[PDB]
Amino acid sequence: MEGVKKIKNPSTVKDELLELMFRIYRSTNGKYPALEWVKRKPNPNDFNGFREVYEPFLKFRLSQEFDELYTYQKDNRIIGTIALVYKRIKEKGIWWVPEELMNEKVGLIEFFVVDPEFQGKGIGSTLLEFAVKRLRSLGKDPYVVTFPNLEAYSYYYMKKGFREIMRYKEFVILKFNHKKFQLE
């Protein structure tokens, strides 16, 4: 048995979600989920370090930020998630949200992920489609945020001695730094 399932009280699945987010952090080698408020990011295989710096963030989002949390479950197991934020965005304090998106027709989608062992199974499409329609039925337009510095090559090169020097056109040029490389 499987399917989309709404979580009545998002905070009650924090532990299960925490572990799902860690497996993703490890599978993506520290790429996701994003840790904007973290100076030094923990090793992707370090769960304790991950939890210590992510648990507080999740606790807050599950309690206040998220207005609706949806998950894809298979036999009572969360293998996919997606959250909606639409209740008074102007007062949500969402760090990336500009004044232009602080209006009644704005709907935010976030916390969208899929268990790394269930990719290309149609789960992401089902979740996203459900989320887009849910927001629409609420008279809201769907918006999302993304972090380009997480692009695969840039991310790899960056932690390999390269530094950003230019980003003209649809490209981002990086340059190797000898002193930065050895700094590892």
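Residue positions are given as counts along the sequence shown, with the first one as 1.
Higher mean CA B-factor, judged across 77-85 and 100-108 from the recorded values: 100-108. Between 142-150 and 26-34, the higher mean Cα B-factor belongs to 26-34.
Of all the options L69, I123, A131, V53, the entry's greatest CA B-factor is assigned to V53. Among all modelled residues in its chain, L127 ranks in the lowest third by Cα B-factor. In the PDB entry, a CA B factor belonging to the middle third of its chain's modelled residues is recorded for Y157. Placement of the Cα temperature factor of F47 within the chain: highest third of the modelled residues, per the deposited record.
In this PDB entry, the Cα temperature factor of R61 sits in the bottom third of its chain's modelled residues, the lowest group.
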